[PDB]
Amino acid sequence: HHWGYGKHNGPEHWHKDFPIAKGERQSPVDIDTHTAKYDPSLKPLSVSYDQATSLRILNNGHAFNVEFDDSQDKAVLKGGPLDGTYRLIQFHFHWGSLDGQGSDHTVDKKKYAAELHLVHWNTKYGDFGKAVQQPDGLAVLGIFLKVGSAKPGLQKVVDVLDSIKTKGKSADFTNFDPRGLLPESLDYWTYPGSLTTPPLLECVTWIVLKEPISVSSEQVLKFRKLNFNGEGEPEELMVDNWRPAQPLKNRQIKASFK
Ligand SMILES: [Zn+2]
C-alpha cells in the first residue's frame, strides 16, 4: 500500500514502488570521518535568512513541515560547494522512539536523537517541481540534534505541535526565524545524494553540519506525541521516521575542515 515507516510499508519495501531506492546516489549515508577528504577549494557557506517569511506548519503524515514563502529570494543558501542561489522552501525533522536513534545520517556509525533538514531549491529552475528533476536542483542542510540542554529557538515549534497532531492538520506559523536552529560553527561534510523519503529523487547536494545542536529531553518528547494517522483513525505515534544508511557506492564525502 502507501509508504510509511511501519513494518509493512517501511524503508525496506520502498523499492517496489520507487525503484530508484536502489540507485547509485541514495541517501542518507554513514559519514566515515577518516575517509572524508578535506577539500580546501570548498568555500564557506553563506546563510542569509534575515528576510525569512514562515507561513505555516503542517503534519503531512510522515513528519511536520514548517513552510516558507519562496516567491522571492528572501531566505537563501549559497557558497559551500554550490553554484547559484538556493531558496529555502521548508524544514522538517527525522526523530526516534528513543534518544539513541532518530537521525537519517550517522557519523562513524553514531546515530543522533534527531536530524533537521532545511530544504532549498535552485533558483535557475524557476520552481521546486522542476528543481527535483535535476542533479543539482536541491541543497539540503542537515543538522544533528543530541539531547542535553533546551534550545530556546525550537520552543515556538514545540508549542504548536498539539494543534497539528494528526495527518492533514495545519496551523498558521508566521514570524519564526530559522536562525535560532543553527549551531555556532558552519563546518560541514558534503556529498551528492537524494531525498530520504519517496520519491527518493537523486537531486540533492547534501550539506551536513559537523556540529550538533542540543535539545532537551522534554522538547524531543513533544515530537514523539504526534501521529502518523489522520483524526479519528487508530493512533500510531509518529516516531522513527528515518531511513537507514545507504551504500556510498562511487561517491566521495568531502570535508570543509580538517
Ligand atoms: Zn528529511
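Just so you know, residue 1 is the first one in the sequence shown, and it goes up from there. One-based numbering, in listed order, for ligands and for the atoms of each.
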For this session: Take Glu12 and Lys7 through the test salt bridge (charged side-chain N to carboxylate O under 4.0 Å, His left out) and record every step on the way to the result.
Result: CA-CA 9 Å; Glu12 63 284 24; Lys7 189 65 214 122; 2.6 Å; yes
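- Inspection of the environment of the Zn ion (ligand 1) yields the following protein N, O or S atoms under 2.8 Å: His92 NE2, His94 NE2, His117 ND1.
- Residue pairs satisfying the ring-ring contact (aromatic ring centres under 6.0 Å, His included) criterion with at least one member in residues 154-179, sequence neighbours excluded, are listed as follows: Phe91-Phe176, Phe173-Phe176.
- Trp242 pairs by the ring-ring contact (aromatic ring centres under 6.0 Å, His included) definition with nothing, not counting sequence neighbours.
- Under the salt bridge (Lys or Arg N to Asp or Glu O under 4.0 Å) test applied with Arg87, the options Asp73, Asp69, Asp70 reduce to a single match, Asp73.
- In this view, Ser217 and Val147, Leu221 satisfy the side chain to side chain contact (heavy atoms under 4.5 Å, CB included) rule, not counting sequence neighbours.
- Residues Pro199 and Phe18 come closest through the heavy atom pair CA-CD2, 4.0 Å.
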